[PDB]
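Engineer: Please read through the structure below; I'll follow up with questions.
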Amino acid sequence: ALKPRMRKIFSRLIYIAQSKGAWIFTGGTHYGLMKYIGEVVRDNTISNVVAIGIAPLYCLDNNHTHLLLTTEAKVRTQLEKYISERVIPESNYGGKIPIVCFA
Amino acid sequence: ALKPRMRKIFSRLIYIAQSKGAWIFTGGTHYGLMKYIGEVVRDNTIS
Amino acid sequence: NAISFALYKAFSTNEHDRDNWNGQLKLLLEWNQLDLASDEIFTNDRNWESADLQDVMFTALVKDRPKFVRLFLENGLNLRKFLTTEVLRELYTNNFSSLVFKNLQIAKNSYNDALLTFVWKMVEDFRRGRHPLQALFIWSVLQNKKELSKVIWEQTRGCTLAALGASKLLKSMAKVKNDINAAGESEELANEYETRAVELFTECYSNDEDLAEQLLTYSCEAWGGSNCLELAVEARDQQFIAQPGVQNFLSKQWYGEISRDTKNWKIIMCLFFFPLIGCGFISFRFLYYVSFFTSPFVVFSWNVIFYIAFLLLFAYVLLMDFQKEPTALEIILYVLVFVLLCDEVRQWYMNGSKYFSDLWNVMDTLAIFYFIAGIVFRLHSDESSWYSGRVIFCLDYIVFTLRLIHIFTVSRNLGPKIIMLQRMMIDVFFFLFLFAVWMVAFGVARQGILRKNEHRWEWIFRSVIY
Amino acid sequence: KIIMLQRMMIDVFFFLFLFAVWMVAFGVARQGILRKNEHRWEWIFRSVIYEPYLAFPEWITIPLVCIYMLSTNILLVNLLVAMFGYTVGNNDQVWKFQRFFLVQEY
Amino acid sequence: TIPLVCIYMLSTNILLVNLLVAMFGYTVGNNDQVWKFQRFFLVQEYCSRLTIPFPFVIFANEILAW
Amino acid sequence: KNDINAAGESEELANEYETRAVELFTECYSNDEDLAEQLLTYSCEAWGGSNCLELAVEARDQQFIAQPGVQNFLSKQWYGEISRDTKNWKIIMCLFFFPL
Ligand SMILES: CC(C)CCC[C@@H](C)[C@H]1CC[C@H]2[C@@H]3CC=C4C[C@@H](OC(=O)CCC(=O)O)CC[C@]4(C)[C@H]3CC[C@]12C
Ligand code: NA
Ligand code: NA
């Protein structure tokens, strides 16, 4: 249920991620919020978010620019810990690349 | 932190002390509220 | 408010940023967390020195944080010692947006003013190479930093001035139609600097009124080079000048050193009879006559009764006198026109070729230029030009009455009817122009019908009109 | 209508005064042109007023009509300013007091 | 002669309309503030004159703590 | 005027589609103004066959056309490719003298 409040959260978030140049890891399928997310990243690459998707058979979301198709929600954890350890000498968050997990 | 409320207290106080002719004992140093206090006593010895 | 509140918690609980509190400030400055930074960083149980706050303030300006520039100032920051000249040129050369800077060049050219020539010089020599706090306020009011320029305004030394001068810098850039949104936001920002300077003056006027009016004519040490009152009339700040503080100051100025509580006629009964000033019949405030004849009420009252008595000896020289010799009654009528001309060469000063754009100062100037032709037609001794010199004196008697009528037309209806008049006066100027266009049409349709059909000269270029 | 009237009545009192000032001007520019040029007495102090009430072009006829455009402006403007002098200037209370002050005078 | 009076109806229209548009050009267009500034601008133009009579024209930082 | 109530409810519903299209355009005009004016003259693939601006003038939507977005677009159209910041007389002094 993408409520008019629930679409206020996940569209202000895309503009915030545009002002910072973030990545968005999500379930790369053509349903739910994940379909609504991909429509906003498609519409906001004209104004620098990169939406990486990680996944009967579910239809694939045709709005994630890089797709990463149980046995797959373990490289998602392996990915973020390599990112969260990764020190960068720009060093505004003490380096270490700030991670948020929206649930 | 001389807040806009914290400067409301210590500037109404100077005018109250002006209407009564008081003394103000404070830490005589060029910092903090004590610097902000001394600016109001400088500006209120003209009235 | 949820991401930065979550990201701050994972940063703060690393147990190594107690010394590195400066990391938590730039984190909370990259986002907009005023209430979190004021409670958990600037709360005085931690040891900071407020001298390494200067590289954080420079990012708090150029990243458009109008709430943190107020926070660093209320936590102690000497802004008149922070604003060094290399800091100010990092703003105008790097962090001044090129769209507003290209908007400034078009603002400087098509609407040229003494204020804008000061600002266009200021952006230029800051992009080339003291009162510095009055330069940061210019930096934030050009680019319409609407919440940030309210903070820098609160630090300025004289703020009855700088709220009005920024109200001019906006309104002179709110007419550039390259971006009507940026010209629209500059218009609504200047209205709340008018309003910011109205109540700052009425509070200055609810106290001692003589203390307030000294601030209206302050020299300002050449901020814009103008005073607070002259900065308002050139910017057409109608809300500032229509307040009862300033309109009282003009009425105290126009009556001058005479008090306004004598009567109206009580001054006029002293213009005729000079011994009545020396009594207590006037209540002005040793040689009160210099205070009397220098107040602009009696100056304007002299130049009407002298101008009325100018015409009654202009009529007397035109009926009894004016036989063949320019007699003694005409030589004073010669020099009084020259006296009425020798101020117009000073009205030829401070005009800028636009004080002749009221269509009534020119009718006063074409009056005197029609009078010198009557002098040229006078001393020629032939009866064909003597009578032709009498006729362009008599037509000039109307114009020297139409100046006097235009004096009475304005000076009675000077009030709420001064916008009804002089907007209507151009509207009848337009109507009689459309009448005279129609009379040329009706002349041709009368000349093209009646006789002398083909009997043509340069007669026809002048007969069809009259 | 007692505030519309008697504010307008002074406004036409002012306009006809500016008309009579102009008629003295147009009288002099009529007496100073026609004959009895130098035939003068205290005749002239009283003839110049009533004479417009009962009523060579080398380049001078074109400013004369420009005078007849400037003169008819500044009198017509004062006519219409007299037409709307009541308009400028709680309008309910101000006429009931002026209605009260006239009847209490009577 | 019948369009000539139609001209004498069309000509007297477009001049009479411009007469009455001139009669109410002041009406269109905060009305209190706009006349006090125009009252201010005229007197300050006359206060910008020399404050001497007509025949004589040929003759011619601690307050901020408050 | 067969049913003035249904003709009255259609009148007050159209006023909150005017108002629904005023603020949807001023938000489109508070952003890039050249991007907004391309939407005013869109071909629409024959929805009614008209553009958004021509649909407003035939419906006499006075609230939509009197907004400062569209009235700026006309003044930028009537001055044309000349900028509006030259002067008024500056164009007129170029009509007489072609080298200027
Ligand atoms: C006897 C005859 C030959 C002489 C008549 C004298 C008048 C021509 C003079 C003397 C009194 C004068 C007036 C005295 C008071 C003023 C008020 C003044 O109104 C204002 O308040 C100005 C606006 C302002 O600054 O407040 C305008 C001029 C006026 C009418 C003066 C205009 C000319 C007057 C009528
Ligand atoms: Na006339
Ligand atoms: Na006619």
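The chains in the structure tokens are called A, B, ... from first to last as shown; in each chain the residues are counted from 1, and the ligands are counted from 1 in the order shown.
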Segment 6-55 of chain E: which residues are alpha helix (DSSP H) by DSSP, as a VMD selection string?

Structural biologist: chain E and resid 6 to 23 31 to 47

Engineer: Using only C-alpha atoms, select each residue of chain C with any atom at most 8 Å away from an atom of chain B, and give the selection as a list in words.

Structural biologist: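 Result, ordered by chain then number: residues 42, 43, 74, 75 and 76 of chain C.
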
Engineer: Include N, CA and C atoms and write out the residues we just selected as an mmCIF file, in the first residue's frame.

Structural biologist:
data_model
loop_
_atom_site.group_PDB
_atom_site.id
_atom_site.type_symbol
_atom_site.label_atom_id
_atom_site.label_comp_id
_atom_site.auth_asym_id
_atom_site.auth_seq_id
_atom_site.Cartn_x
_atom_site.Cartn_y
_atom_site.Cartn_z
ATOM 1 N N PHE C 42 26.889 22.127 21.014
ATOM 2 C CA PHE C 42 27.067 23.431 21.644
ATOM 3 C C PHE C 42 26.281 23.484 22.952
ATOM 4 N N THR C 43 26.789 22.752 23.944
ATOM 5 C CA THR C 43 26.136 22.674 25.245
ATOM 6 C C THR C 43 27.116 22.739 26.413
ATOM 7 N N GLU C 74 25.779 33.094 17.826
ATOM 8 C CA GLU C 74 25.294 33.135 19.199
ATOM 9 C C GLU C 74 26.103 32.251 20.133
ATOM 10 N N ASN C 75 27.017 31.442 19.606
ATOM 11 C CA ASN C 75 27.962 30.699 20.423
ATOM 12 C C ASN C 75 29.308 31.390 20.510
ATOM 13 N N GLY C 76 29.408 32.607 19.996
ATOM 14 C CA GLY C 76 30.617 33.390 20.111
ATOM 15 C C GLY C 76 31.475 33.284 18.874
#

Engineer: Step by step, measure atom-to-atom distances between ligand 2 and each residue using only C-alpha atoms and all ligand atoms, keep those at most 7 Å, then write them as a list in words.

Structural biologist: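 The residues within 7 Å of ligand 2, counting only C-alpha atoms and all ligand atoms, are residues 68, 71 and 72 of chain D.
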
Engineer: Neighbours of segment 55-62 of chain F within 10 Å (only C-alpha atoms; same-chain residues fewer than 5 positions away dropped), as an NGL selection string?

Structural biologist: :F and (14-15 or 17-19 or 22 or 40 or 48-50 or 67)

Engineer: Could those residues be written to a file, using N, CA and C atoms, as a CSV table (one decimal), in the first residue's frame?

Structural biologist:
chain,number,residue,atom,x,y,z
F,14,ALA,N,-15.5,23.4,-11.9
F,14,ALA,CA,-14.6,23.9,-12.9
F,14,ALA,C,-13.7,25.0,-12.3
F,15,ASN,N,-14.2,25.7,-11.3
F,15,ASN,CA,-13.3,26.7,-10.6
F,15,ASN,C,-12.2,26.0,-9.7
F,17,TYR,N,-10.9,23.2,-10.8
F,17,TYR,CA,-9.9,22.7,-11.8
F,17,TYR,C,-9.1,23.8,-12.4
F,18,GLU,N,-9.7,25.0,-12.5
F,18,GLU,CA,-8.8,26.2,-12.7
F,18,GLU,C,-7.8,26.3,-11.6
F,19,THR,N,-8.2,26.3,-10.3
F,19,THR,CA,-7.3,26.4,-9.2
F,19,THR,C,-6.4,25.2,-9.1
F,22,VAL,N,-3.8,26.1,-11.7
F,22,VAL,CA,-3.0,27.3,-11.5
F,22,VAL,C,-1.8,26.9,-10.7
F,40,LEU,N,3.2,24.6,-22.4
F,40,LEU,CA,2.0,25.5,-22.7
F,40,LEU,C,1.6,25.3,-24.2
F,48,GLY,N,-7.9,17.2,-26.9
F,48,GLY,CA,-9.0,17.9,-27.5
F,48,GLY,C,-8.5,18.5,-28.8
F,49,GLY,N,-7.3,18.2,-29.2
F,49,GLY,CA,-6.7,18.8,-30.4
F,49,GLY,C,-6.0,20.2,-30.1
F,50,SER,N,-6.1,20.7,-28.9
F,50,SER,CA,-5.6,22.0,-28.6
F,50,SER,C,-4.5,21.9,-27.6
F,67,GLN,N,-2.4,34.7,-14.1
F,67,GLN,CA,-1.3,34.4,-13.2
F,67,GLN,C,0.0,35.0,-13.8

Engineer: Please write out the residues within 12 Å of ligand 3 as an MDAnalysis selection string, counting only C-alpha atoms and all ligand atoms.

Structural biologist: (chainID C and resid 434:436 438:439 441:442) or (chainID E and resid 5:17 19)

Engineer: I'd like the neighbourhood of segment 21-31 of chain A as a list in words, where a residue qualifies if any of its atoms comes within 9 Å (using only C-alpha atoms), though same-chain residues fewer than 3 positions away should be ignored.

Structural biologist: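 Listing them by chain and then by number gives residues 14, 16, 17, 18, 34, 35, 36, 37, 38, 48, 49, 50, 51, 52, 53, 54, 55, 58, 59, 60, 61, 62, 63, 64, 67, 68, 69 and 76 of chain A.
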
Engineer: Ligand 1: which residues are within 6 Å, counting only C-alpha atoms and all ligand atoms, as a compact mmCIF listing (two decimals) with C-alpha atoms, in the first residue's frame?

Structural biologist:
# COMPACT_ATOMS: atom_id res chain seq x y z
CA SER C 251 5.80 69.02 7.93
CA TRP C 254 8.36 72.65 5.51
CA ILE C 268 0.63 85.29 6.36
CA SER C 301 4.56 82.13 0.26
CA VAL C 304 3.43 83.49 -4.98
CA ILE C 305 2.62 87.02 -3.84
CA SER C 411 -0.91 73.64 -4.00
CA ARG C 412 -4.58 73.23 -3.11
CA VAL E 43 7.46 68.89 -1.43

Engineer: To one decimal place in Å, what is the distance between atom CA of residue 149 of chain C and atom CA of residue 93 of chain A?

Structural biologist: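 Computing the Euclidean distance for atom CA of residue 149 of chain C and atom CA of residue 93 of chain A yields 29.4 Å.
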
Engineer: For chain D against chain C, which residues fall within 7 Å using only C-alpha atoms, given as a compact mmCIF listing (two decimals) with N, CA, C and O atoms, in the first residue's frame?

Structural biologist:
# COMPACT_ATOMS: atom_id res chain seq x y z
N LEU D 18 -10.15 79.93 -10.46
CA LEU D 18 -9.12 79.75 -11.48
C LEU D 18 -9.63 80.05 -12.87
O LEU D 18 -8.82 80.27 -13.78
N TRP D 22 -8.02 83.24 -15.10
CA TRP D 22 -7.68 83.07 -16.50
C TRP D 22 -8.41 84.09 -17.38
O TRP D 22 -7.88 84.48 -18.43
N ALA D 25 -6.45 87.14 -17.40
CA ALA D 25 -5.32 86.93 -18.29
C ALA D 25 -5.73 87.03 -19.75
O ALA D 25 -5.04 87.68 -20.55
N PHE D 26 -6.85 86.41 -20.11
CA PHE D 26 -7.33 86.49 -21.48
C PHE D 26 -7.88 87.87 -21.82
O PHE D 26 -7.94 88.23 -23.00
N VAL D 28 -6.38 90.77 -20.73
CA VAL D 28 -5.19 91.57 -20.99
C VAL D 28 -4.61 91.22 -22.36
O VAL D 28 -4.28 92.11 -23.15
N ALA D 29 -4.56 89.94 -22.68
CA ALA D 29 -4.12 89.49 -24.00
C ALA D 29 -5.12 89.79 -25.11
O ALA D 29 -4.81 89.55 -26.28
N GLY D 32 -4.48 94.05 -24.91
CA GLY D 32 -3.15 94.37 -25.40
C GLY D 32 -2.93 94.09 -26.86
O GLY D 32 -1.81 94.29 -27.35
N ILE D 33 -3.95 93.63 -27.58
CA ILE D 33 -3.85 93.32 -28.99
C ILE D 33 -4.72 94.24 -29.83
O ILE D 33 -4.25 94.84 -30.80
N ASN D 37 -4.93 101.10 -27.99
CA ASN D 37 -3.67 100.55 -27.52
C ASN D 37 -3.03 101.45 -26.47
O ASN D 37 -2.78 101.02 -25.34
N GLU D 38 -2.77 102.70 -26.83
CA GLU D 38 -2.46 103.74 -25.86
C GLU D 38 -3.60 104.74 -25.93
O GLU D 38 -3.50 105.79 -26.57
N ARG D 40 -5.76 105.50 -22.61
CA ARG D 40 -5.81 104.91 -21.28
C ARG D 40 -6.32 105.91 -20.26
O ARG D 40 -6.11 107.12 -20.38
N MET D 69 -4.45 74.57 -26.25
CA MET D 69 -4.42 73.23 -25.69
C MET D 69 -3.93 73.20 -24.25
O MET D 69 -4.40 72.36 -23.48
N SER D 71 -4.23 75.85 -22.04
CA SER D 71 -5.21 76.52 -21.20
C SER D 71 -6.43 75.65 -20.97
O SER D 71 -6.95 75.59 -19.85
N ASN D 73 -6.41 72.51 -20.88
CA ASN D 73 -6.05 71.41 -20.00
C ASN D 73 -6.25 71.79 -18.55
O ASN D 73 -7.01 71.15 -17.82
N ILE D 74 -5.56 72.86 -18.12
CA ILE D 74 -5.42 73.16 -16.70
C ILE D 74 -6.73 73.66 -16.10
O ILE D 74 -6.88 73.64 -14.88
N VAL D 77 -8.82 70.02 -16.04
CA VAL D 77 -8.31 69.19 -14.95
C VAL D 77 -8.88 69.66 -13.62
O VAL D 77 -9.37 68.85 -12.82
N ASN D 78 -8.90 70.97 -13.40
CA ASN D 78 -9.48 71.52 -12.17
C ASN D 78 -10.98 71.32 -12.12
O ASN D 78 -11.56 71.29 -11.03
N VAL D 81 -11.09 67.55 -11.07
CA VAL D 81 -10.65 67.43 -9.68
C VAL D 81 -11.74 67.93 -8.75
O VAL D 81 -12.00 67.34 -7.69
N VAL D 88 -11.90 61.15 -2.04
CA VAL D 88 -10.85 60.83 -1.08
C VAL D 88 -11.33 61.15 0.34
O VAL D 88 -12.24 61.95 0.56

Engineer: Please tabulate, as a tab-separated table, the residues of chain E that come within 8 Å of chain C, each with its closest pair of atoms and the distance in Å to one decimal, counting only C-alpha atoms and ordering rows by chain, then residue number upward.

Structural biologist:
residue	atom	partner	partner_atom	distance
E:15	CA	C:435	CA	7.0
E:18	CA	C:431	CA	5.9
E:19	CA	C:431	CA	6.3
E:21	CA	C:427	CA	7.7
E:22	CA	C:427	CA	4.7
E:23	CA	C:424	CA	7.0
E:24	CA	C:424	CA	7.7
E:25	CA	C:424	CA	6.1
E:26	CA	C:420	CA	5.0
E:27	CA	C:420	CA	7.7
E:32	CA	C:416	CA	7.8
E:33	CA	C:242	CA	5.3
E:34	CA	C:238	CA	6.3
E:35	CA	C:416	CA	5.3
E:36	CA	C:242	CA	5.2
E:37	CA	C:242	CA	5.8
E:38	CA	C:418	CA	6.9
E:39	CA	C:415	CA	5.8
E:40	CA	C:247	CA	7.5
E:41	CA	C:233	CA	7.5
E:43	CA	C:254	CA	7.9
E:47	CA	C:296	CA	7.0
E:51	CA	C:294	CA	5.8
E:52	CA	C:294	CA	6.2
E:53	CA	C:299	CA	5.3
E:54	CA	C:303	CA	5.8
E:55	CA	C:339	CA	7.1
E:57	CA	C:339	CA	6.8
E:58	CA	C:339	CA	6.6
E:64	CA	C:158	CA	7.6
